[PDB]
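K.L.:
If you scroll down you'll find the structure; I have some questions about it.
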Amino acid sequence: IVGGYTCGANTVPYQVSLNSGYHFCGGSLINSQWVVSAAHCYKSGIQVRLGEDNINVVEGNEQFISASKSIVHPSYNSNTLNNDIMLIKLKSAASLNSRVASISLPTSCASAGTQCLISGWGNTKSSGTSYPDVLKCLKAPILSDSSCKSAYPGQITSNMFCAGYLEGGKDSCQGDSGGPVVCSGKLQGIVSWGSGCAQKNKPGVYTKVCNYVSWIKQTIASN
Ligand SMILES: CC(=O)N1CCN(C(=O)[C@H](Cc2cccc(C(=N)N)c2)NS(=O)(=O)c2ccc3ccccc3c2)CC1
Ligand SMILES: [Ca+2]
């Protein structure tokens, strides 16, 4: 997260860290046994880390559970990043409490202007590489589809939305991928892509979760 702030230990209880000997992506706990992330984060040998703040120290409240299966959306395109969504089933159910809780799926799409909270352990520098120990947060509004498409001509599909600041300096970045974009207590987006990080007139593009609610539910019901 570039231009964000330290969230505070366990203030984003649904935030998940995808680990394979190091943190590579974020995710969101949608129920005791299912995590939603980005398809481009797919990797074998995934350990899901719940209740995390400092990802390098065992401080208490953590829960490490192996992923039993990772379901990448069947129509995911690695070139366009369209349908950039993946579901992860936990080997065991997570112990829900005050510091580990699930986030609600949207019942409707969010409109332009809505302020959302984006979080993660990704890169914090626009020009360079710096990874934090603790979780960073960023509040950013959803932009208009016209603006989004003016920024990324021919690359924005109906399953994506832009969020952030056109002036630059505040945006999600590498390592944040798969993480949550929560608006009004509902998971509206998943950190997907963007041209660089925090660049002028290049906001972040996120997977439009409201278009996948039925898919998620059906897929979960059948697995
Ligand atoms: C591995 C992976 O899928 N990806 C896709 C997602 N990737 C990126 O978007 C990267 C870094 C990144 C990651 C997450 C959010 C942002 C943001 N600006 N909000 C930027 N930005 S980039 O300019 O290097 C970039 C942009 C679009 C891309 C589209 C396809 C492939 C690579 C791409 C790289 C990481 C590699
Ligand atoms: Ca820790």
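In the structure tokens, each chain is lettered A, B, ... as it comes, each chain's residues begin at 1, and ligands are numbered from 1 in order of appearance.
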Around ligand 1, at most 6 Å away and counting only C-alpha atoms and all ligand atoms, which residues are there? Put them as a VMD selection string, please.

P.N.:
chain A and resid 40 79 171 to 174 176 to 177 191 to 197 204

K.L.:
With C-alpha atoms retained, export the selected residues as a short mmCIF file (atom, residue, chain, number, x, y, z; two decimals), in the first residue's frame.

P.N.:
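Result saved to selection-v3.cif:
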```cif
data_model
loop_
_atom_site.label_atom_id
_atom_site.label_comp_id
_atom_site.auth_asym_id
_atom_site.auth_seq_id
_atom_site.Cartn_x
_atom_site.Cartn_y
_atom_site.Cartn_z
CA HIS A 40 -3.30 -14.36 -10.51
CA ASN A 79 -3.34 -11.56 -20.24
CA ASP A 171 -2.60 3.21 -4.34
CA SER A 172 -2.38 -0.56 -3.82
CA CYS A 173 0.79 -2.22 -5.13
CA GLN A 174 2.56 -5.57 -5.63
CA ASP A 176 -1.44 -6.41 -2.12
CA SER A 177 -2.98 -8.51 -4.88
CA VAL A 191 -6.88 -5.98 -5.57
CA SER A 192 -6.07 -7.01 -9.16
CA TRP A 193 -3.81 -4.73 -11.21
CA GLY A 194 -2.71 -1.25 -12.18
CA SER A 195 -0.03 0.44 -14.27
CA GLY A 196 2.84 0.71 -11.80
CA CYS A 197 1.90 1.95 -8.34
CA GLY A 204 -5.79 0.74 -9.30
#
```

K.L.:
Write out as a PyMOL selection string each polymer residue (protein, DNA or RNA) that has an atom no more than 8 Å from ligand 2, with only C-alpha atoms and all ligand atoms counted.

P.N.:
chain A and resi 51-60+62

K.L.:
Can you list, as JSON, numbers by chain, all residues belonging to region 93-208 of chain A that DSSP tags as strand (DSSP E)?

P.N.:
{"A": [115, 116, 117, 118, 119, 120, 136, 137, 138, 139, 140, 141, 160, 161, 162, 163, 180, 181, 182, 183, 186, 187, 188, 189, 190, 191, 192, 193, 204, 205, 206, 207, 208]}

K.L.:
What's around region 210-213 of chain A at 9 Å? Count only C-alpha atoms, leave out sequence neighbours fewer than 2 positions away in its own chain, and write the answer as a CSV table (one decimal) with N, CA and C atoms, in the first residue's frame.

P.N.:
```csv
chain,number,residue,atom,x,y,z
A,83,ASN,N,-11.9,-11.6,-15.0
A,83,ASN,CA,-12.3,-12.7,-14.1
A,83,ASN,C,-11.2,-13.0,-13.2
A,85,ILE,N,-10.4,-13.8,-10.2
A,85,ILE,CA,-11.0,-14.2,-8.9
A,85,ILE,C,-10.7,-15.7,-8.6
A,105,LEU,N,-20.5,-10.5,1.6
A,105,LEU,CA,-20.5,-10.4,0.2
A,105,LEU,C,-21.6,-9.3,-0.1
A,106,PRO,N,-21.4,-8.5,-1.2
A,106,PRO,CA,-22.4,-7.5,-1.5
A,106,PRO,C,-23.7,-8.1,-2.1
A,107,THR,N,-24.7,-7.3,-1.9
A,107,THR,CA,-26.0,-7.7,-2.4
A,107,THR,C,-26.3,-6.9,-3.6
A,108,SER,N,-25.5,-5.9,-3.9
A,108,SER,CA,-25.6,-4.9,-5.0
A,108,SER,C,-24.2,-4.3,-5.2
A,109,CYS,N,-24.0,-3.8,-6.4
A,109,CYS,CA,-22.8,-3.1,-6.7
A,109,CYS,C,-22.7,-1.8,-6.1
A,110,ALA,N,-21.5,-1.3,-5.8
A,110,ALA,CA,-21.2,0.0,-5.2
A,110,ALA,C,-21.1,1.0,-6.3
A,158,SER,N,-16.3,-5.2,-17.9
A,158,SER,CA,-17.3,-5.0,-17.0
A,158,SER,C,-17.1,-5.7,-15.6
A,159,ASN,N,-16.1,-6.4,-15.5
A,159,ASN,CA,-15.8,-7.1,-14.2
A,159,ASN,C,-14.6,-6.5,-13.5
A,187,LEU,N,-17.6,-6.6,0.9
A,187,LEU,CA,-16.5,-6.9,0.0
A,187,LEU,C,-16.9,-6.6,-1.4
A,188,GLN,N,-16.5,-5.4,-1.9
A,188,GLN,CA,-16.8,-5.0,-3.3
A,188,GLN,C,-15.7,-5.3,-4.3
A,189,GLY,N,-14.5,-5.3,-3.9
A,189,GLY,CA,-13.4,-5.6,-4.8
A,189,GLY,C,-12.3,-6.4,-4.3
A,207,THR,N,-11.2,-6.2,-9.1
A,207,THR,CA,-12.2,-7.2,-9.6
A,207,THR,C,-13.5,-6.8,-9.0
A,208,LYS,N,-14.5,-6.7,-9.8
A,208,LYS,CA,-15.9,-6.3,-9.4
A,208,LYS,C,-16.6,-7.5,-8.8
A,215,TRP,N,-21.8,-17.0,-8.5
A,215,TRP,CA,-20.7,-17.9,-8.8
A,215,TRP,C,-20.1,-18.4,-7.6
A,216,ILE,N,-19.7,-17.5,-6.7
A,216,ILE,CA,-19.1,-17.9,-5.4
A,216,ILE,C,-20.0,-18.8,-4.6
A,217,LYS,N,-21.3,-18.4,-4.4
A,217,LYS,CA,-22.2,-19.2,-3.7
A,217,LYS,C,-22.4,-20.6,-4.3
A,218,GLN,N,-22.6,-20.7,-5.6
A,218,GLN,CA,-22.8,-22.0,-6.2
A,218,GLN,C,-21.6,-22.8,-6.1
```

K.L.:
Taking 2 positions as the minimum chain separation for residues in the same chain, which residues sit within 8 Å of residue 165 (chain A) when counting only C-alpha atoms? Answer as a PDB file with N, CA and C atoms, in the first residue's frame.

P.N.:
```
ATOM      1  N   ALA A 140      -9.941   4.798  -0.122  1.00  0.00           N
ATOM      2  CA  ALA A 140      -9.991   5.332  -1.471  1.00  0.00           C
ATOM      3  C   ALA A 140     -11.382   5.182  -2.046  1.00  0.00           C
ATOM      4  N   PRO A 141     -11.812   6.148  -2.861  1.00  0.00           N
ATOM      5  CA  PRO A 141     -13.140   6.088  -3.459  1.00  0.00           C
ATOM      6  C   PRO A 141     -13.130   5.340  -4.793  1.00  0.00           C
ATOM      7  N   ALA A 163     -10.317   2.463  -8.530  1.00  0.00           N
ATOM      8  CA  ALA A 163     -10.420   3.071  -7.219  1.00  0.00           C
ATOM      9  C   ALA A 163      -9.071   3.674  -6.887  1.00  0.00           C
ATOM     10  N   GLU A 167      -4.349  11.865  -8.793  1.00  0.00           N
ATOM     11  CA  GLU A 167      -3.167  12.686  -8.547  1.00  0.00           C
ATOM     12  C   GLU A 167      -1.957  11.816  -8.199  1.00  0.00           C
ATOM     13  N   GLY A 168      -2.204  10.532  -7.964  1.00  0.00           N
ATOM     14  CA  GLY A 168      -1.129   9.617  -7.628  1.00  0.00           C
ATOM     15  C   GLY A 168      -0.727   9.713  -6.171  1.00  0.00           C
ATOM     16  N   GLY A 169       0.297   8.950  -5.789  1.00  0.00           N
ATOM     17  CA  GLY A 169       0.768   8.969  -4.413  1.00  0.00           C
ATOM     18  C   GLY A 169       0.053   8.073  -3.419  1.00  0.00           C
ATOM     19  N   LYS A 170      -1.114   7.551  -3.792  1.00  0.00           N
ATOM     20  CA  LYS A 170      -1.893   6.665  -2.922  1.00  0.00           C
ATOM     21  C   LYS A 170      -2.508   5.559  -3.779  1.00  0.00           C
ATOM     22  N   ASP A 171      -2.108   4.315  -3.529  1.00  0.00           N
ATOM     23  CA  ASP A 171      -2.597   3.206  -4.340  1.00  0.00           C
ATOM     24  C   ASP A 171      -2.175   1.854  -3.752  1.00  0.00           C
ATOM     25  N   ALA A 198       0.712   3.910  -7.627  1.00  0.00           N
ATOM     26  CA  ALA A 198       0.539   5.309  -7.266  1.00  0.00           C
ATOM     27  C   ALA A 198       0.985   6.308  -8.339  1.00  0.00           C
ATOM     28  N   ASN A 201      -2.631   9.662 -12.800  1.00  0.00           N
ATOM     29  CA  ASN A 201      -3.639   9.243 -13.771  1.00  0.00           C
ATOM     30  C   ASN A 201      -3.716   7.750 -14.066  1.00  0.00           C
ATOM     31  N   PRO A 203      -4.958   4.872 -11.790  1.00  0.00           N
ATOM     32  CA  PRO A 203      -5.510   4.300 -10.559  1.00  0.00           C
ATOM     33  C   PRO A 203      -5.468   2.774 -10.547  1.00  0.00           C
TER      34      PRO A 203
END
```

K.L.:
So how far away is CA of residue 118 (chain A) from CA of residue 166 (chain A), in Å?

P.N.:
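CA of residue 118 (chain A) lies 16.2 Å from CA of residue 166 (chain A).
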
K.L.:
Compile the contact shell of residue 34 (chain A) as a PDB file with N, CA, C and O atoms, in the first residue's frame: residues with an atom at most 9 Å away, counting only C-alpha atoms, same-chain residues fewer than 4 positions apart removed.

P.N.:
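Written output follows (result-v4.pdb):
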```
ATOM      1  N   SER A  28      -9.447 -12.493   1.497  1.00  0.00           N
ATOM      2  CA  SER A  28     -10.492 -12.114   2.434  1.00  0.00           C
ATOM      3  C   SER A  28     -11.263 -13.332   2.890  1.00  0.00           C
ATOM      4  O   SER A  28     -11.635 -14.174   2.077  1.00  0.00           O
ATOM      5  N   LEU A  29     -11.440 -13.459   4.197  1.00  0.00           N
ATOM      6  CA  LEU A  29     -12.187 -14.575   4.764  1.00  0.00           C
ATOM      7  C   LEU A  29     -13.678 -14.261   4.592  1.00  0.00           C
ATOM      8  O   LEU A  29     -14.163 -13.265   5.127  1.00  0.00           O
ATOM      9  N   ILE A  30     -14.401 -15.090   3.837  1.00  0.00           N
ATOM     10  CA  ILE A  30     -15.832 -14.859   3.612  1.00  0.00           C
ATOM     11  C   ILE A  30     -16.716 -15.766   4.466  1.00  0.00           C
ATOM     12  O   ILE A  30     -17.936 -15.616   4.496  1.00  0.00           O
ATOM     13  N   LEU A  87     -11.117 -18.804  -5.344  1.00  0.00           N
ATOM     14  CA  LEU A  87     -11.685 -19.212  -4.061  1.00  0.00           C
ATOM     15  C   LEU A  87     -10.743 -20.230  -3.434  1.00  0.00           C
ATOM     16  O   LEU A  87     -10.246 -21.112  -4.127  1.00  0.00           O
ATOM     17  N   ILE A  88     -10.481 -20.114  -2.140  1.00  0.00           N
ATOM     18  CA  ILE A  88      -9.599 -21.061  -1.466  1.00  0.00           C
ATOM     19  C   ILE A  88     -10.352 -21.749  -0.339  1.00  0.00           C
ATOM     20  O   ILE A  88     -10.969 -21.079   0.486  1.00  0.00           O
ATOM     21  N   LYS A  89     -10.349 -23.079  -0.330  1.00  0.00           N
ATOM     22  CA  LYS A  89     -11.015 -23.809   0.738  1.00  0.00           C
ATOM     23  C   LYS A  89      -9.968 -24.176   1.777  1.00  0.00           C
ATOM     24  O   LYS A  89      -8.902 -24.674   1.435  1.00  0.00           O
ATOM     25  N   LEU A  90     -10.246 -23.878   3.038  1.00  0.00           N
ATOM     26  CA  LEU A  90      -9.320 -24.194   4.117  1.00  0.00           C
ATOM     27  C   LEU A  90      -9.435 -25.663   4.488  1.00  0.00           C
ATOM     28  O   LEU A  90     -10.526 -26.240   4.438  1.00  0.00           O
ATOM     29  N   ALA A  93     -11.740 -25.535   9.481  1.00  0.00           N
ATOM     30  CA  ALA A  93     -12.453 -24.280   9.656  1.00  0.00           C
ATOM     31  C   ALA A  93     -11.645 -23.387  10.592  1.00  0.00           C
ATOM     32  O   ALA A  93     -10.981 -23.871  11.507  1.00  0.00           O
ATOM     33  N   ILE A 220     -19.206 -22.663  -3.836  1.00  0.00           N
ATOM     34  CA  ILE A 220     -19.044 -23.060  -2.443  1.00  0.00           C
ATOM     35  C   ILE A 220     -20.037 -24.163  -2.090  1.00  0.00           C
ATOM     36  O   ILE A 220     -19.681 -25.133  -1.435  1.00  0.00           O
TER      37      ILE A 220
END
```

K.L.:
Using only C-alpha atoms, find the one residue out of A:16, A:179, A:157, A:219 that sits nearest to residue 72 (chain A).

P.N.:
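Closest residue, counting only C-alpha atoms: A:219.
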
K.L.:
Could you please determine the separation between CA of residue 27 (chain A) and CA of residue 39 (chain A) in Å, to one decimal place?

P.N.:
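Calculated distance between CA of residue 27 (chain A) and CA of residue 39 (chain A) is 10.8 Å.
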
K.L.:
Looking at A:66, A:78, A:124, A:47, which one is nearest to residue 24 (chain A), with distances taken over only C-alpha atoms?

P.N.:
A:47

K.L.:
Identify, on the basis of only C-alpha atoms, every residue whose closest approach to residue 8 (chain A) does not exceed 10 Å; exclude the query and any residue fewer than 4 positions from it along the same chain; express the result as a PyMOL selection string.

P.N.:
chain A and resi 12+53+134-137
